[PDB]
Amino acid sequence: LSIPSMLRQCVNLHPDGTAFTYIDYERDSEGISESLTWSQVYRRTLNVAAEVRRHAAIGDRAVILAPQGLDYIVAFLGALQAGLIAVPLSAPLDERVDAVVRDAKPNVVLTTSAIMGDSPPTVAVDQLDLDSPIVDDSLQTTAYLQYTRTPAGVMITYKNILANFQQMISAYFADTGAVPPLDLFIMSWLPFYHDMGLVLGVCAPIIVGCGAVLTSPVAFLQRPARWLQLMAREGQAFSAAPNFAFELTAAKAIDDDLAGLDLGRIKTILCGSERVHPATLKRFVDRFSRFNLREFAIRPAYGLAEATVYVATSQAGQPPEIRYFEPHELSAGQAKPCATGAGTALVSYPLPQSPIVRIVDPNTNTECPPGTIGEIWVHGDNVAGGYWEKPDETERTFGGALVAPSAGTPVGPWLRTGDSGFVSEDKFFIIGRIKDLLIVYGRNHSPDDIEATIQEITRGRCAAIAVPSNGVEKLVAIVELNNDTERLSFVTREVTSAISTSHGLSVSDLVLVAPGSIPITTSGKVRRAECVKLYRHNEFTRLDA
């Protein structure tokens, strides 16, 4: 039923089995290990549940404001144990944190003494005696709020979680009868305050019944090779990452750091949370196949917080499948398949069985014929019931109703994803986020394709954004370069020409910025939203000024 009850079952079956292992690279460049069996994490959880019960009631929200580590896991679990709606947030570094706190009106804050320095009662869980030897007041419905201009908290129920896990276990392990191997372990460096990192690092170990090897996204960014190192531990690894993490690892990992790594036991590496670029997948597999990385272990995956996490993934037992389409028709709105190597390449996602996806005209609420691009709509029991205390926004995002649905298609409710895609053959494809699209003379260009063009030339971070000006959208590219005045001219004319010939677009402004200037998250590739208003308020410093 609930995560607390599943954790108590983990303790019953395998009290002394290892549940969570956290590798901390902050003091020791090589990582200090600290591990909890099922019984020990349960004890900590119960102690946190006792402490939160002094401050909040069943149903109250509990904000978690801790760094990545075991204390975060035990704050979150202890909150669910005492029947509180957890709110996983990031450690203060912030304005969106106070906006979330105002929205969720929490009755307790769970944090650590270290960031205690950075009103509801505040608990430093590390300063609690967490290993001192009941509180099962768990809810059977709402587990936690997942926060993503006003901050909207996705209500995630235990039903959402279990349904998404059943869909996930079945698609990821369809080749083994929806049974994961005995050898499975979870490895993740993804932040626990993002949906991918929370469901994979914290929730999955309990629901699947395996242990997790965990670390911090700052450890991964410092030395991406550690990711491969930790996945190559004993057993069959299951991990996940955004596309730029695949690129970064292919780029910055030294073959000396990988002395004697066996990557052949890695069960699954999901690639998600952003557009999956075939070129990235090929660079990753071509560079790490030497260590026995299996190509069928790379699994592109699509989802969003509003669907708990998972919507679709590639066929189990096969390497990712790539399809090719004519780009002029793609911008026109039509998917026309073309020969291998011609046109744009898109990762083929098999139409999922559960949840179900449809391609729908956002202006008429009617399905699109195959090959016609529209908005991806999602139906299924993993789709959240709404945004916390936001009835109107809930209605606009979750209340998709299909007019004259096709045979076998529910009328509603549909989750409108904001993503543009199409169906070809019996696979569907994701173009990208609609708000990020560049519309020029009635045509639609995707910023992921523009940035993939620019990157190959720059080898750095990009953002292709749309700046409105006197009734149209103008193309602007924020381009990170390594840090003379001719060399700058070489890159500007190269990139400008590459966008001209590959897209038929004129670049209205190329902003050469230093590395780190484009807003990125720890798990977000680029916030093209933020780029637009940083550029409009002239907050960028160029290298050629």
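Residue numbers run from 1 along the displayed sequence.
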### Task
Mind giving me a quick count class for deposited residues absent from the model between residue 148 and residue 149? Options are none, 1 to 3, 4 to 9, 10 or more.
4 to 9
### Message
Missing residues between residue 93 and residue 94 in the deposited sequence, please: none, 1 to 3, 4 to 9, or 10 or more.
### Response
4 to 9
### Mean C-alpha temperature factor, higher of 449 to 457 and 418 to 426
449 to 457
## Note on the structure
Comparing 19 to 27 with 520 to 528, the higher average Cα temperature factor in the PDB entry belongs to 520 to 528
### Query
Between 256, 183, 195, 375, which carries the biggest CA temperature factor in the record?
256
### Message
Quiz for you: based on the deposited Cα B-factor, which of 87, 342, 152, 266 is highest?
### Response
342
## Note on the structure
residue 97: C-alpha B-factor third of its chain, per the entry, is the highest
### Message
Among the modelled residues of this chain, does the Cα B factor of residue 294 put it in the lowest, middle or highest third?
### Response
middle
### Message
Based on the deposited C-alpha B factors for this chain, I'd like to know if residue 131 is in the lowest, middle or highest third.
### Response
highest
### Task
Tell me, lowest, middle or highest third: where does the Cα B factor of residue 67 rank within its chain?
middle
### Query
Against its chain's modelled residues, does residue 233's Cα B factor rank lowest, middle or highest third?
middle
